[PDB]
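The structure under discussion appears below in the form of structure tokens.
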Amino acid sequence: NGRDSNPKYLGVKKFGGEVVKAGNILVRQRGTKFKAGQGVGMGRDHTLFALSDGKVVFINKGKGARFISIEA
RNA sequence: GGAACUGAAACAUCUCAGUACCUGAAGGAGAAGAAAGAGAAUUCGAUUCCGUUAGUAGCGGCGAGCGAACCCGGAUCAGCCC
RNA sequence: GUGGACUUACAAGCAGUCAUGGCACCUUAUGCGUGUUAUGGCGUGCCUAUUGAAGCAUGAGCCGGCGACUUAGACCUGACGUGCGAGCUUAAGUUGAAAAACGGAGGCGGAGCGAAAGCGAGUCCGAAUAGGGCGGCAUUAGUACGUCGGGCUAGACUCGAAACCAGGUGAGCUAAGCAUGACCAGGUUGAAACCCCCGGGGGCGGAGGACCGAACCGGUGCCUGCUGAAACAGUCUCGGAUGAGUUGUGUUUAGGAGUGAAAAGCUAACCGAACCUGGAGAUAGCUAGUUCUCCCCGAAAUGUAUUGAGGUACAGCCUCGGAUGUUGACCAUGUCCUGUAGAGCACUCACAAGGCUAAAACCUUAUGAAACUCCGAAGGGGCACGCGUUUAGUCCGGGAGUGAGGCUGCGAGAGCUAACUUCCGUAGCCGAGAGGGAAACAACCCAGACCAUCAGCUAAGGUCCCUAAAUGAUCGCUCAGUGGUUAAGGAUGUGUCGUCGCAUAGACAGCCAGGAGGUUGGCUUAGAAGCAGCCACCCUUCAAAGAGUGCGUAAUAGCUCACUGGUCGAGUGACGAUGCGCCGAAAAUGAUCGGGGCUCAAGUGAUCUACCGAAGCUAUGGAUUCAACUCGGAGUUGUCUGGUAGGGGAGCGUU
RNA sequence: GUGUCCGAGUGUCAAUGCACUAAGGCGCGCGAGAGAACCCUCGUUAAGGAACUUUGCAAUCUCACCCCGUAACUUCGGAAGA
RNA sequence: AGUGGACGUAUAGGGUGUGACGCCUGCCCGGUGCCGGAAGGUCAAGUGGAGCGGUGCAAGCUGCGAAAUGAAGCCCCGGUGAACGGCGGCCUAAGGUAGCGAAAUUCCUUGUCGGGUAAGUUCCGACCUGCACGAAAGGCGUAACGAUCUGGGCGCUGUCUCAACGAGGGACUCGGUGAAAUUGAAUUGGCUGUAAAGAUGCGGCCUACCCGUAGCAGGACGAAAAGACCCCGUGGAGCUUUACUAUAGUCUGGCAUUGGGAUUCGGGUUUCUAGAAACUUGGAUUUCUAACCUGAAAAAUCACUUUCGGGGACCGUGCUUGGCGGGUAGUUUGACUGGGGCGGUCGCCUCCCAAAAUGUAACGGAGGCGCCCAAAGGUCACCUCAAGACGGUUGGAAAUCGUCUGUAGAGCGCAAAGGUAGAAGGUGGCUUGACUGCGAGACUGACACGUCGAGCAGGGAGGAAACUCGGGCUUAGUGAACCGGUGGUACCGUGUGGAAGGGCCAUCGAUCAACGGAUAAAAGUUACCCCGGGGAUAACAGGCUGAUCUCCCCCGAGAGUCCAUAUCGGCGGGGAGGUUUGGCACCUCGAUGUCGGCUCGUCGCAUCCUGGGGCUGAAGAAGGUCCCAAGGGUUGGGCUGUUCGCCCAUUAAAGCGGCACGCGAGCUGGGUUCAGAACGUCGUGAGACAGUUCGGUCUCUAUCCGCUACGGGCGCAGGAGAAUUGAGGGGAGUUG
RNA sequence: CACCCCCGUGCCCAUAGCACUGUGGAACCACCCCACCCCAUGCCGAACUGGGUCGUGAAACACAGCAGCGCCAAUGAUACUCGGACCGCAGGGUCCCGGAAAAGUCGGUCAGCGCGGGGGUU
Ligand SMILES: CC[C@H]1OC(=O)/C=C/[C@H](C)[C@@H](O[C@@H]2O[C@H](C)C[C@H](N(C)C)[C@H]2O)[C@@H](C)C[C@@H](C)C(=O)/C=C/C=C/[C@@H]1CO[C@@H]1O[C@H](C)[C@@H](O)[C@@H](OC)[C@H]1OC
Ligand SMILES: [Mg+2]
Ligand SMILES: [Mg+2]
Ligand SMILES: [Mg+2]
Ligand SMILES: [Mg+2]
Ligand SMILES: [Mg+2]
Ligand SMILES: [Mg+2]
Ligand SMILES: [Mg+2]
Ligand SMILES: [Mg+2]
Ligand SMILES: [Mg+2]
Ligand SMILES: [Mg+2]
Ligand SMILES: [Mg+2]
Ligand SMILES: [Mg+2]
Ligand SMILES: [Mg+2]
Ligand SMILES: [Mg+2]
Ligand SMILES: [Mg+2]
Ligand SMILES: [Mg+2]
Ligand SMILES: [Mg+2]
Ligand SMILES: [Mg+2]
Ligand SMILES: [Mg+2]
Ligand SMILES: [Mg+2]
Ligand SMILES: [Mg+2]
Ligand SMILES: [Mg+2]
Ligand SMILES: [Mg+2]
Ligand SMILES: [Mg+2]
Ligand SMILES: [Mg+2]
Ligand SMILES: [Mg+2]
Ligand SMILES: [Mg+2]
Ligand SMILES: [Mg+2]
Ligand SMILES: [Mg+2]
Ligand SMILES: [Mg+2]
Ligand SMILES: [Mg+2]
Ligand SMILES: [Mg+2]
Ligand SMILES: [Mg+2]
Ligand SMILES: [Mg+2]
Ligand SMILES: [Mg+2]
Ligand SMILES: [Mg+2]
Ligand SMILES: [Mg+2]
Ligand SMILES: [Mg+2]
Ligand SMILES: [Mg+2]
Ligand SMILES: [Mg+2]
Ligand SMILES: [Mg+2]
Ligand SMILES: [Mg+2]
Ligand SMILES: [Mg+2]
Ligand SMILES: [Mg+2]
Ligand SMILES: [Mg+2]
Ligand SMILES: [Mg+2]
Ligand SMILES: [Mg+2]
Ligand SMILES: [Mg+2]
Ligand SMILES: [Mg+2]
Ligand SMILES: [Mg+2]
Ligand SMILES: [Mg+2]
Ligand SMILES: [Mg+2]
Ligand SMILES: [Mg+2]
Ligand SMILES: [Mg+2]
Ligand SMILES: [Mg+2]
Ligand SMILES: [Mg+2]
Ligand SMILES: [Mg+2]
Ligand SMILES: [Mg+2]
Ligand SMILES: [Mg+2]
Ligand SMILES: [Mg+2]
Ligand SMILES: [Mg+2]
Ligand SMILES: [Mg+2]
Ligand SMILES: [Mg+2]
Ligand SMILES: [Mg+2]
Ligand SMILES: [Mg+2]
Ligand SMILES: [Mg+2]
Ligand SMILES: [Mg+2]
Ligand SMILES: [Mg+2]
Ligand SMILES: [Mg+2]
Ligand SMILES: [Mg+2]
Ligand SMILES: [Mg+2]
Ligand SMILES: [Mg+2]
Ligand SMILES: [Mg+2]
Ligand SMILES: [Mg+2]
Ligand SMILES: [Mg+2]
Ligand SMILES: [Mg+2]
Ligand SMILES: [Mg+2]
Ligand SMILES: [Mg+2]
Ligand SMILES: [Mg+2]
Ligand SMILES: [Mg+2]
Ligand SMILES: [Mg+2]
Ligand SMILES: [Mg+2]
Ligand SMILES: [Mg+2]
Ligand SMILES: [Mg+2]
Ligand SMILES: [Mg+2]
Ligand SMILES: [Mg+2]
Ligand SMILES: [Mg+2]
Ligand SMILES: [Mg+2]
Ligand SMILES: [Mg+2]
Ligand SMILES: [Mg+2]
Ligand SMILES: [Mg+2]
Ligand SMILES: [Mg+2]
Ligand SMILES: [Mg+2]
Ligand SMILES: [Mg+2]
Ligand SMILES: [Mg+2]
Ligand SMILES: [Mg+2]
Ligand SMILES: [Mg+2]
Ligand SMILES: [Mg+2]
Ligand SMILES: [Mg+2]
Ligand SMILES: [Mg+2]
Ligand SMILES: [Mg+2]
Ligand SMILES: [Mg+2]
Ligand SMILES: [Mg+2]
Ligand SMILES: [Mg+2]
Ligand SMILES: [Mg+2]
Ligand SMILES: [Mg+2]
Ligand SMILES: [Mg+2]
Ligand SMILES: [Mg+2]
Ligand SMILES: [Mg+2]
Ligand SMILES: [Mg+2]
Ligand SMILES: [Mg+2]
Ligand SMILES: [Mg+2]
Ligand SMILES: [Mg+2]
Ligand SMILES: [Mg+2]
Ligand SMILES: [Mg+2]
Ligand SMILES: [Mg+2]
Ligand SMILES: [Mg+2]
Ligand SMILES: [Mg+2]
Ligand SMILES: [Mg+2]
Ligand SMILES: [Mg+2]
Ligand SMILES: [Mg+2]
Ligand SMILES: [Mg+2]
Ligand SMILES: [Mg+2]
Ligand SMILES: [Mg+2]
Ligand SMILES: [Mg+2]
Ligand SMILES: [Mg+2]
Ligand SMILES: [Mg+2]
Ligand SMILES: [Mg+2]
Ligand SMILES: [Mg+2]
Ligand SMILES: [Mg+2]
Ligand SMILES: [Mg+2]
Ligand SMILES: [Mg+2]
Ligand SMILES: [Mg+2]
Ligand SMILES: [Mg+2]
Ligand SMILES: [Mg+2]
Ligand SMILES: [Mg+2]
Ligand SMILES: [Mg+2]
Ligand SMILES: [Mg+2]
Ligand SMILES: [Mg+2]
């Protein structure tokens with residue numbers, strides 16, 4: 001063994017209560033650990049970036065049912 | 001005739017360098033010199049030396065690095081003979 | 001070395017430091033004196049290299065004197081200063097020189113974008129519109145010098161290679177050759193050939209890389225010699241000693257070359273490539289060394305990359321200046337994100353007793369999990385505020401160094417739940433840190449040294465003597481020197497509670513009294529009969545006794561026992577929690593808690609004071625760094641001043 | 001260390017060997033005491049005899065000439081100074 | 001040029017290896033070498049120049065440029081071993097002929113038996129199981145020879161038990177001369193602790209009047225040479241080869257020196273009734289003598305002439321071609337690494353570690369990638385998976401159909417984590433958005449790279465539309481830079497116009513996988529080693545730890561007929577000691593000498609003897625085992641360098657360990673570890689192994705402390721002679 | 001939001017879901033109804049789908065009861081932990097302050113809010 005692979009510094013890049021420019025990246029994820037609410041659009045590797053400038057808010061009933069909206 | 005350390009963080013091309021060194025000829029100097037040229041204005045008008053153009057052009061395992069010439073400004077300026 | 005003051009012969013000692021006393025002296029000098037001295041306290045040379053230095057790590061005998069960050073250039077870059085300023089200035093040279101002027105060729109600013117053609121405050125990409133660099137805007141003014149910080153290139157802070165190359169010098173040592181001369185006492189052995197008697201005997205003869213042994217040539221073994229008598233020898237012993245011998249002279253062969261009966265041996269006393277001069281101050285990522293003083297700030301041993309790992313590049317951290325202007329920082333509120341501790345089996349692996357059944361499955365019950373999660377804190381990170389105390393931050397430009405870390409505690413891995421082990425996270429100390437405590441001691445506990453005082457309160461730690469300070473006070477605890485070195489395990493050790501029995505209808509040991517019944521009980525080997533031993537315990541006679549405890553020879557008896565009794569006269573026996581202790585408990589020169597000594601506490605657990613105790617804090621005096629505040633550095637108030645690499649600043653000494 | 005030449009006598013089979021000595025030459029350019037440990041070159045050693053030690057390393061022992069006598073083996077010479 | 005070979009000429013000369021003599025010298029031509037062959041494969045310059053292009057109005061000039069034809073040489077085919085070699089592993093070209101064998105070769109190894117000694121790791125003779133013999137890198141013998149090595153025996157010895165006495169030269173004392181290595185400074189003790197972990201110098205405690213002198217050799221990690229061992233340096237040098245690169249040399253084709261001619265000519269021209277005389281441009285054999293080379297004659301080397309003689313247009317030399325070329329030369333030969341080597345690893349992806357942010361090391365625990373898919377894409381539309389039970393045709397535990405349960409227990413191309421049921425899974429229709437030009441904004445990184453990305457243009461594709469498309473559910477499927485190939489484009493293109501060449505856009509070439517990548521192009525070896533450094537880093541020793549080692553204790557199964565504990569103690573548990581093999585890497589690489597012996601010793605006690613005990617399965621005696629006990633004592637020899645162990649023969653007994661595995665400024669020097677050499681084994685080679693074997697320099701001068709002796713001074717309240725008490729210190733201590 | 005009830009479509013986002021179950025009927029919805037063709041089944045008008053009444057509330061669906069199941073879930077007490085401060089050689093553990101789960105019990109629920117329309121009491 002003695003093998004390993006680079007860190008992928010994934011996360012909630014922008015936490016609810018953070019104003020965001022358009023195109024800011026807010027969550028990094030392997031998949032849909034977050035499912036993108038209103039105003040946000042999710043990319044190829046399933047990072048989801050805000051489309052509209054404003055505050056970031058978490059809709060989060062959880063269990064795969066967590067969504068990131070942006071409010072203007 | 002012609003190095004090698006060395007640099008290239010190794011090392012062959014490269015550089016170190018036509019350096020050091022050996023050998024020949026000669027003088028108070030020597031060399032060179034009177035355009036089958038530079039050059040791009042149909043200009044220049046022998047040779048040598050300084051400043052500059054200029055680290056420009058360019059050369060380079062296009063790497064380390066190596067590097068002009070013309071224009072222009074001065075020092076000195078004689079062209080003579082087969 | 002000579003002479004004089006003071007001193008020195010039970011003293012333990014980085015050579016001193018402060019203090020006190022004794023003696024001597026009085027020319028910056030009768031003092032807050034100079035020389036010396038006794039005693040007391042205190043006290044790990046210096047530098048370097050270091051995680052860490054008194055080190056038993058390096059360097060150094062001592063004093064002097066030489067001795068290391070330079071110079072260069074029409075170079076690049078920055079800070080400061082000066083002239084001129086939208087412009088600024090020369091170079092080569094020329095003419096003068098006890099003096100400098102002329103000299104515009106040329107350089108820099110003025111426009112940028114593009115790969116370039118080329119356009120031009122626009123420009124490249126492109127088919128038009130999205131960008132990049134750029135001007136407007138802040139038009140940030142440049143340039144010639146001087147000084148200085150850096151950079152470059154050249155020996156480039158100084159010393160130091162082993163090597164490489166060039167042209168020479170060497171065969172007078174030694175390695176061989178050639179020419180030519182010379183030397184080898186003496187004794188032993190007796191080949192051929194030649195000649196007689198029958199290959200053999202005799203004679204005769206004088207051969208040999210033959211024998212012994214002097215010179216001579218050579219070095220076999222011990223010893224001596226080992227700052228030698230000698231830079232390879234000496235005594236003694238040994239090899240050869242007519243041969244492949246020794247030796248003179250003259251002479252030839254040499255540097256990757258010669259010579260070599262072959263060791264890489266010899267080539268002028270260091271030959272796996274001589275010597276000398278030179279290239280040449282070769283290179284040196286390696287070592288050591290780098291000197292005057294004071295002020296201010298102050299690190300790093302981390303990340304990634306590397307023919308990289310002990311070295312470099314770029315970040316990270318330091319400093320100086322400019323700008324900005326609280327953006328910092330801690331703490332609080334609000335919010336969001338997380339899958340650890342824990343905890344759980346709901347999936348995956350595992351796994352514990354059963355029921356159920358052609359056992360997978362299934363149910364009751366029961367568990368572990370870094371790569372399991374139905375769950376899931378504490379904390380932690382981002383944002384916003386400041387609803388609150390503070391002073392840092394950000395970018396831009398010059399200079400750095402650091403890129404070897406060390407411990408402890410917490411959390412993990414690796415290891416053996418070893419290591420003053422190795423590798424990460426994290427906090428603090430050390431590095432770079434002085435002062436008090438811990439006998440001693442970078443890391444631990446206390447506490448960050450501006451200077452001066454024969455002033456005060458305290459921290460940790462202490463208060464019997466060493467040794468500063470209560471032989472303090474009160475309730476105990478341990479009689480072990482435990483204190484002042486572990487454990488599994490044992491113990492009628494001792495206090496504190498605490499759970500279970502049987503007693504003035506009289507029990508525990510304690511003395512006499514009885515020990516019974518089938519039954520010499522079934523089941524066993526050869527006999528096993530309270531009393532080897534696998535299987536099973538009911539029944540009679542009794543105020544009274546279990547087919548019944550350990551012993552006994554191999555089996556029964558035998559003295560005791562569990563209930564019974566006259567006596568006996570009052571508590572006992574059991575497992576338990578614990579507090580302090582005992583054993584368990586052997587290592588190497590001589591013992592010990594730092595020592596004395598401590599229970600007639602100087603141990604201990606609980607409380608409470610009173611004081612000692614630091615370079616921390618307070619007092620008086622004093623000076624720097626900064627900043628405000630005033631007058632044309634000064635002074636006030638506040639504040640700050642441990643320090644390695646390093647950066648900055650003010651100054652002293654020499655020619 | 002250094003090449004060549006001459007290098008007497010007594011005795012001893014011989015000799016340039018060994019011992020004494022002629023000629024000739026010299027006592028080695030600090031001395032004098034003293035008679036410890038220890039060290040170097042030496043002499044003798046009870047009893048034992050290799051026990052020593054890596055090894056009999058070293059030190060003994062053997063010693064010249066003459067007579068007698070000498071093996072396994074042999075390349076017929078030698079081993080043999082058995 | 002000239003020389004040596006050689007004033008020699010195959011019975012001679014050169015090289016290579018074996019190494020008198022004797023009997024001998026087997027197998028294997030596959031690779032490598034070499035010698036022959038030379039049907040065919042390939043192969044340079046040169047001869048040829050068909051065609052492809054520029055540039056000019058054109059003549060023409062000019063850049064490329066095939067086919068065929070071109071030597072040696074290599075591929076191919078034989079052979080060669082007294083050529084390099086090979087003759088073994090429960091198919092290779094073959095597999096060991098004789099001879100020998102525990103060897104100079106034997107690891108296991110002190111092999112087994114015999115011999116010799118009281119005792120034999122040695123030695124000798126047999127045996128053979130030859131790790132890992134062997135036939136001219138020669139095998140088996142051999143008389144004689146050896147300062148050769150090994151084993152034995154005689155002889156004699158101070159080698160020794162065990163040393164003594166004597167001599168001389170030192171050594172000591174006096175007078176004369178009078179150095180040296182060294183040296184931080186010294187007012188320089190013992191223990192025990194502590195500190196970088198070995199203290200004179202830090203702590204406590206003990207001891208110690210001042211100073212010498214003769215001695216010793218424990219300490220001062222004493223002295224000496226900035227470790228020759230080990231590691232490091234993008235140090236060096238010597239040596240090696242099928243590392244790389246060149247190259248003296250060497251072979252080969254063509255051109256010149258270099259020529260007439262006959263002879264066969266694939267061909268040239270004007271020549272003539274498909275044709276041949278003048279003639280060749282050449283090639284080819286063959287031949288010739290004026291070039292040239294060489295030799296003989298009074299004129300030695302050289303020149304002349306030569307009645308001359310031989311070779312001969314070759315040989316030699318100049319240029320150029322291609323091959324051979326460790327002989328020479330200049331170099332390359334990676335890093336991490338709980339010391340180097342060996343093994344492993346080097347880039348990207350997934351998980352745990354990673355301590356609920358991101359991040360985080362390890363030669364830590366697990367596994368994947370160097371691709372795929374014309375549809376596994378875009379879009380539009382449509383389906384729902386495991387698994388179980390009941391029932392069923394050839395099948396039955398599981399084909400297939402049928403019902404019931406069925407937030408998933410399936411699937412998602414490969415590894416896993418996330419994710420997913422309104423799909424990313426499955427199945428069709430259409431087509432390519434697997435587009436060109438851009439990139440607001442962020443994530444991430446020191447850079448450089450990397451990730452995601454709304455929306456705009458041109459234009460597509462699917463859908464009725466909203467809308468979705470600039471690749472795949474996601475995360476791996478990858479390499480800057482240089483130098484070049486291919487297609488466009490029309491920017492530079494040196495006087496001008498063109499073109500040659502260059503630039504740009506697209507694309508191709510990389511286990512450069514040591515994966516940020518030194519060159520286009522590179523392996524070993526050093527023990528002949530050299531330099532510079534490192535205690536940054538191994539071998540020793542000390543330290544820390546104590547797995548392993550040594551010891552004790554608890555339990556108690558059983559053994560002990562019986563009876564656990566007289567003894568012994570399974571399977572398990574707890575400690576101690578630091579003597580073993582270690583780990584770790586802390587002081588020491590400007591030096592800490594290392595194994596064994598010898599000489600001196602001293603300490604522990606886990607006690608071999610001796611002394612005092614308890615229990616005993618103790619009658620007695622001899623024992624067993626445990627307790628207390630460290631005063632003393634603990635033998636001599638054979639084997640091996642040994643420690644050890646075995647053995648002889650005795651003992652009261654033949655103790656175990658510490659003290660740098662105590663002791664080399666005390667001694668040896670056998671072992672091991674420098675240069676020579678040989679054997680086996682490994683390597684083609686230089687060379688190599690902690691396998692073996694012979695051999696191989698151990699440095700007169702003691703300052704200090706410390707130790708044994710011997711004085712000087714002073715002290716001890718007068719100055720003196722002599723006798724003394726013993727504080728307190730040593731020696732002795734055994735036993736049959 | 002007059003009272004109910006139906007069809008649909010949201011918010012919510014198992015305290016709403018399952019099962020047992022009962023009411024429902026031409027009003028709404030639902031099956032049945034037929035198929036050459038629109039349109040379709042990798043076979044079937046089962047599914048889409050196109051043409052409709054009867055019939056029937058069977059099934060599905062809506063709505064009520066329902067605490068067997070699931071779903072939620074205290075308090076209390078712990079586990080753990082931020083800071084402080086300690087002991088044990090060690091594995092380990094204690095104390096002060098404050099934050100504080102998970103599991104279980106107690107107990108809670110078969111929901112809760114809109115919007116448009118259709119038909120009822122005519
Ligand atoms: C004193 C006797 C000899 O001693 C020696 O040969 C002594 C040498 C000593 C022992 C050596 O040092 C040791 O080196 C070991 C590798 C390590 C060791 N310890 C510390 C770990 C260390 O001690 C040598 C190499 C050390 C130094 C001093 C050195 O190189 C000495 C050279 C000269 C020494 C001496 C020289 O002897 C020469 O011998 C010739 C035979 C004589 O003729 C003569 O030559 C002229 C003589 O001198 C050179
Ligand atoms: Mg591993
Ligand atoms: Mg270089
Ligand atoms: Mg070079
Ligand atoms: Mg010159
Ligand atoms: Mg000259
Ligand atoms: Mg001249
Ligand atoms: Mg006194
Ligand atoms: Mg003293
Ligand atoms: Mg100090
Ligand atoms: Mg160190
Ligand atoms: Mg020192
Ligand atoms: Mg020294
Ligand atoms: Mg110039
Ligand atoms: Mg300025
Ligand atoms: Mg701008
Ligand atoms: Mg300037
Ligand atoms: Mg500076
Ligand atoms: Mg700079
Ligand atoms: Mg130098
Ligand atoms: Mg002879
Ligand atoms: Mg003889
Ligand atoms: Mg010799
Ligand atoms: Mg002899
Ligand atoms: Mg030289
Ligand atoms: Mg050579
Ligand atoms: Mg020499
Ligand atoms: Mg140079
Ligand atoms: Mg480094
Ligand atoms: Mg930097
Ligand atoms: Mg900020
Ligand atoms: Mg703030
Ligand atoms: Mg857990
Ligand atoms: Mg965290
Ligand atoms: Mg605000
Ligand atoms: Mg800067
Ligand atoms: Mg580091
Ligand atoms: Mg660290
Ligand atoms: Mg472990
Ligand atoms: Mg450590
Ligand atoms: Mg370490
Ligand atoms: Mg440091
Ligand atoms: Mg600090
Ligand atoms: Mg301190
Ligand atoms: Mg202490
Ligand atoms: Mg102290
Ligand atoms: Mg220290
Ligand atoms: Mg300190
Ligand atoms: Mg420490
Ligand atoms: Mg404290
Ligand atoms: Mg006080
Ligand atoms: Mg206090
Ligand atoms: Mg006191
Ligand atoms: Mg206990
Ligand atoms: Mg008291
Ligand atoms: Mg007080
Ligand atoms: Mg104080
Ligand atoms: Mg102060
Ligand atoms: Mg003042
Ligand atoms: Mg400071
Ligand atoms: Mg301070
Ligand atoms: Mg300071
Ligand atoms: Mg004579
Ligand atoms: Mg005579
Ligand atoms: Mg005589
Ligand atoms: Mg004589
Ligand atoms: Mg004389
Ligand atoms: Mg004399
Ligand atoms: Mg002697
Ligand atoms: Mg004797
Ligand atoms: Mg005898
Ligand atoms: Mg012996
Ligand atoms: Mg012997
Ligand atoms: Mg020997
Ligand atoms: Mg001898
Ligand atoms: Mg015979
Ligand atoms: Mg005979
Ligand atoms: Mg004889
Ligand atoms: Mg040979
Ligand atoms: Mg043997
Ligand atoms: Mg042998
Ligand atoms: Mg042999
Ligand atoms: Mg034997
Ligand atoms: Mg034998
Ligand atoms: Mg052979
Ligand atoms: Mg031989
Ligand atoms: Mg002989
Ligand atoms: Mg010989
Ligand atoms: Mg012998
Ligand atoms: Mg004597
Ligand atoms: Mg004497
Ligand atoms: Mg004297
Ligand atoms: Mg004199
Ligand atoms: Mg200690
Ligand atoms: Mg220590
Ligand atoms: Mg002391
Ligand atoms: Mg001191
Ligand atoms: Mg001595
Ligand atoms: Mg060194
Ligand atoms: Mg060295
Ligand atoms: Mg090299
Ligand atoms: Mg050639
Ligand atoms: Mg060629
Ligand atoms: Mg070579
Ligand atoms: Mg390495
Ligand atoms: Mg994390
Ligand atoms: Mg780290
Ligand atoms: Mg799909
Ligand atoms: Mg888009
Ligand atoms: Mg579009
Ligand atoms: Mg359409
Ligand atoms: Mg092209
Ligand atoms: Mg490359
Ligand atoms: Mg790399
Ligand atoms: Mg040598
Ligand atoms: Mg050092
Ligand atoms: Mg170390
Ligand atoms: Mg060691
Ligand atoms: Mg060892
Ligand atoms: Mg030293
Ligand atoms: Mg030394
Ligand atoms: Mg004892
Ligand atoms: Mg006894
Ligand atoms: Mg007895
Ligand atoms: Mg003893
Ligand atoms: Mg001992
Ligand atoms: Mg040891
Ligand atoms: Mg030793
Ligand atoms: Mg030896
Ligand atoms: Mg071989
Ligand atoms: Mg031997
Ligand atoms: Mg001596
Ligand atoms: Mg002497
Ligand atoms: Mg008195
Ligand atoms: Mg006494
Ligand atoms: Mg005394
Ligand atoms: Mg609660
Ligand atoms: Mg708190
Ligand atoms: Mg805490
Ligand atoms: Mg709490």
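Virtual Cβ from ideal backbone geometry, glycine too; neighbours counted across all protein chains shown. Since every read-out is calculated from the coordinates, none of them should be taken as a lab result.
When A:66, A:44, A:28 are screened for being in contact (Cβ under 8 Å) with a residue 24 or more places away in the chain and basic (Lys, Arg), only A:66 passes. In summary, residue A:37 fulfils each of the numbered conditions (1) within 16 Å of RNA strand F (Cβ to nearest atom); (2) touching a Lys or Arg at 6+ places or on another chain (Cβ under 8 Å) with the single exception of condition (2). If only one of A:58, A:34, A:49, A:67 is surrounded by fewer than 17 Cβ atoms within 10 Å (Cβ to Cβ) and either under 12 Å from the mean Cα position of the chain (by Cα) or among the polar types (S, T, N, Q) (or both), which one is it? Criteria check complete, one pass: A:58. Number of residues in region A:1-53 that are hydrophobic (A, V, I, L, M, F, W, C) and on the phi > 0 side of the Ramachandran plot: the value is 1. Number of residues in region A:1-31 that are within 6 Å of RNA strand E (Cβ to nearest atom), within 10 Å of the chain's Cα centre (by Cα) and among the charged types (D, E, K, R) equals 2.
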